[PDB]
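The chain below stands alone and is given in structure tokens; this is the form deposited in one PDB entry.
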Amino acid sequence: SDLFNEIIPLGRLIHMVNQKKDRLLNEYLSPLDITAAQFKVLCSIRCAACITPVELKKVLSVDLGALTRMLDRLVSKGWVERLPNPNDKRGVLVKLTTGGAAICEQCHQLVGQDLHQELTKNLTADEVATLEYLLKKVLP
């Protein structure tokens, strides 16, 4: 008797889907020497253009110290630069460098929609949309 599937039938399922997505995404991003997490953060910064670590934390749903070390790694890889914040002397601003935008465009052009297709190759557009709706309805 599987105690875990008795308590949370969804649990293993959600976990495994998330894992599949992570593995696939990493495989696709692999030839450009960037990870899925790093790429995700780069995309968020790219959305905001300019953003503070706390708001970035809000967007990614992640711990602030974790994001700090992430930003350290991103800076050392020359994808991200830290700027002073004209509105606050204790905070900083985070923005993409030229290389950041570069590798974002490289990721976009390389991966395209191949990943989205492979991940949902067993589903139809209606099934994908329904899955999306249900999933977001799970969100509090």
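One-based numbering along the sequence shown.
Omitted here: the form deposited in another entry. The next part is about that form.
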Exercise for review: Going by the rigid parts that rotate relative to each other between this form and the one not shown, point to the one of 117, 98, 62, 54 at the hinge.
Suggested key: 117
**Study point:** Cα-Cα trend for residue 126 and residue 44, given that in the other entry the distance shifts by 3 Å or more
**Key:** farther
Review point. Would one find the Cα atoms of residue 60 and residue 12 closer or farther in the other entry than in this form, where their distance changes by 3 Å or more?
Key: closer
